[PDB]
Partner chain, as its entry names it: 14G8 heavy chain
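The form deposited without the partner chain is given below as one chain in structure tokens.
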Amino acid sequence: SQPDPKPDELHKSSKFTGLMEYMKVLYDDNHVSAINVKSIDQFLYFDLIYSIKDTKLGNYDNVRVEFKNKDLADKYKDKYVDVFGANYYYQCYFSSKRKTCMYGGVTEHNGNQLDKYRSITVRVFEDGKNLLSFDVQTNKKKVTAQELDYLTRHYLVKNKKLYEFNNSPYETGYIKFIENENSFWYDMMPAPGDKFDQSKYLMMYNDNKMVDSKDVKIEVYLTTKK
């Protein structure tokens, strides 16, 4: 479905002159996750607020989930859901600090649990060559592209240094999800300039896009500085 990246469409890391650490930390070990929870408040018409405690680090007591539109919020407001997302803290504030914020990441709980974890294959290309493949796992029937993207990049940061403090080894990168007839992709590099706005980058997950875990596969295309 989505047309592939055009020549010069993808962001180049060489044109980003801020600190890549601000991208890296979105795909380090920490993220929001909750199972079988229901929203307890709402700030604006396109969001839902969840009482999810940060049991790991103790940084927050509530999470605001922002969607692309009212219809998405209306759909999830009184449902028991699972939540999985890359969250941000900078100027995260809402009426309902001790807060964190994310986009989308929401799937209904009931009917969506698998009996066993499913593996999803990622094939990594560097300058067009498949030098590495690995799996990520989920136990959700329908899983958000967000969750899979986070799992994929988390592995690549650990093992291939996809993002570092002040660099990437890669000039461009995109992650492509292929679910039979449906394919779409995200640019993995920050926009040009000397600042990286985490909230604005994450907003791309606000459509709550999801895929069938049984049928999806993942391709990551990176180019080197060669």
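Residue numbers count along the first chain shown, from 1.
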Counting only residues of the deposited sequence, how many between residue 96 and residue 97 have no atoms in the entry (none, 1 to 3, 4 to 9, 10 or more)?
10 or more
For the higher mean C-alpha B factor in the entry, choose 181-189 or 35-43.
35-43
Averaging the C-alpha temperature factors as deposited, the higher value of 123-131 versus 145-153 falls on 123-131
Pick out which of 68, 64, 161, 200 has the highest C-alpha B-factor in the PDB entry.
68
For residue 30, does the deposited CA B-factor place it in the lowest, middle or highest third of the chain?
lowest
Can you tell me which third, lowest, middle or highest, the CA B-factor of residue 21 falls into for its chain?
lowest
Among modelled residues of the same chain, the CA temperature factor third for residue 108
middle
For residue 88, does the deposited CA B-factor place it in the lowest, middle or highest third of the chain?
lowest
Taking the chain's C-alpha temperature factors as the reference, tell me which third residue 136 falls into: lowest, middle or highest.
middle
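Below, we turn to the form deposited with the partner chain bound, even though it does not appear here.
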Does any heavy atom of residue 52 come within 4.5 Å of a heavy atom of the partner chain in the entry with it bound?
no
Contact with the partner chain in the entry with it bound for residue 37, defined as at least one heavy atom pair within 4.5 Å: yes or no?
no
Using the partner position in the entry with it bound, report whether residue 184 sits within 4.5 Å of the partner chain, counting heavy atoms only.
no
